[PDB]
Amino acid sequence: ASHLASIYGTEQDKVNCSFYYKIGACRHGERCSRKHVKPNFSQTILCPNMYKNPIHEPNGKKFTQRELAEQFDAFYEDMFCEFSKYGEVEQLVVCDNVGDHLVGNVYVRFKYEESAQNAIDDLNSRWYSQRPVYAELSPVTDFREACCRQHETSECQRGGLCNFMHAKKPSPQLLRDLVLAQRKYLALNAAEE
């Protein structure tokens, strides 16, 4: 009785699409019967189909577990470094799903909303791996509410077609080196004043 109950953003909210509100991507896309409110201000950006997992191509299964780990680290490093030039990157999430709406999705949460807007304004005129990058503001805020639970512990029985994020995590060595590298870069852009 401490507060009023609500249903906004939930699967009981039959007007707004719960999946687009939490995951930033819906299998129905622009033809969805439920509302996809696209934010004008956000800290998180979306680059759909940015990560092409080699295992989903010809000769994909020609790689060792070490080679696949070094390859994804190269991609996560290539993503984090380039996005850092727009602002402080709080979190970088890469989706390993196979559904059309989530395959290779790269979400980037910046610290300031202006850094996110400057990113999509510049990215939408750039290229990555011989493909033009699509960039837009995403309503995703808490990635815990968008990730699949049964994929964290063991594997999800829905597989790559899960409508929740199957985030591919990079090596902890690379993630730690990236956070320390960004703090130094941000500290160095502070001694100027």
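Numbers for residues come from their place in the sequence shown, where the first is 1.
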### Query
Averaged over C-alpha atoms, is the B-factor higher for 33 to 41 or for 147 to 155 in this PDB entry?
147 to 155
### Query
According to the deposited model, is the average Cα temperature factor higher in 64 to 72 or in 124 to 132?
64 to 72
### Query
Based on what the PDB entry reports, which of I55, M165, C47, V140 has the top C-alpha B-factor?
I55
### Task
Have a look at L174, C17, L180, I23 and flag the one whose Cα has the highest B-factor in the entry.
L180
### Task
Using the B-factor values recorded in the entry, state whether the Cα atom of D78 falls in the lowest, middle or highest third among the modelled residues of its chain.
lowest
### Query
Going by what the PDB entry lists, where does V89 fall on CA B-factor within its chain: lowest, middle or highest third?
lowest
### Task
Relative to the other modelled residues of the same chain, rank the CA B-factor of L102 and answer lowest, middle or highest third.
lowest
